[PDB]
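Peer 1: Take a look and give me a structure for this.
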Amino acid sequence: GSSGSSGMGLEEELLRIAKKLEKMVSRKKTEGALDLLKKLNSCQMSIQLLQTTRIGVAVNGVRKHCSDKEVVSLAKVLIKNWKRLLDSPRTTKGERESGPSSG
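Peer 2: Residues are numbered from 1 along each chain as shown. For reference, the structure is listed below:
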């Protein structure tokens, strides 16, 4: 589109990031993943986008090709957070006292 970045998009930056990550993973380097991850964290992710940007696999790709803490951490958060965004359809269990207002 027109030159300059100011308005709507995200989906673009998201993809641009993935590519960067995906590339890094491919080249097995991952140097500036944090920066990428960071943005992601500060990028309104969505299920539909999770498929388009396919960043979900990008992050993991790093979290796997990276044993760091910060680069791995943020990556985890991206997974967790996305875990809620996408939260694929699966069965699970877990409950801790189900009773609001008890007293």
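Peer 1: need the contact list for residue 79.
Peer 2: 56, 59, 60, 63 (C-beta atoms under 8 Å, 6 or more residues apart in numbering). Just so you know, the C-beta spots here come from the backbone N, C-alpha and C atoms, and that holds for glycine as well.
Peer 1: swap the cut-off to 10 Å and go again
Peer 2: Residue 79 is in contact with 56, 59, 60, 63, 86, counting by C-beta atoms under 10 Å, 6 or more residues apart in numbering.
Peer 1: Pretty sure the third one sits against residue 75.
Peer 2: Going back to what we said before, that points to residue 60. Yes - between residue 60 and residue 75 a contact is recorded at 7.4 Å, counting by C-beta atoms under 10 Å.
Peer 1: joint contacts of those two?
Peer 2: Contacts common to residue 60 and residue 75, judged by C-beta under 10 Å, 6+ apart, are residue 21.
Peer 1: Compare these two (neighbour count), which wins?
Peer 2: Just comparing residue 60 and residue 75: by other C-beta atoms under 10 Å the higher neighbour count belongs to residue 75, 27 against 17.
Peer 1: for the residue nearest the centre of the chain, helix, strand, or coil?
Peer 2: Compute the mean C-alpha point of the chain, and by C-alpha atoms, centre = their mean the closest residue is residue 78, 3.6 Å away. The three-state assignment at residue 78 reads helix, by DSSP: H, G, I helix; E, B strand; the rest coil.
Peer 1: can you pull the contacts of it?
Peer 2: Counting by C-beta under 10 Å, 6+ apart, residue 78 has contacts 36-38, 40-41, 43, 45, 55-56, 58-60, 62-63, 85.
Peer 1: any idea how far residue 50 is from it?
Peer 2: 11 Å (C-beta to C-beta, to the nearest Å).
Peer 1: overlap in contacts of those two?
Peer 2: In contact with both residue 78 and residue 50: 56, 85, using C-beta under 10 Å, 6+ apart.
Peer 1: and residue 103, how many neighbours does it have?
Peer 2: Around residue 103 there are 2 residues (other C-beta under 10 Å).
Peer 1: Quickly note the distance from it to residue 95.
Peer 2: 20 Å.
Peer 1: Of the contacts of residue 79, which is the nearest to residue 24?
Peer 2: residue 59 (11.5 Å; C-beta to C-beta).
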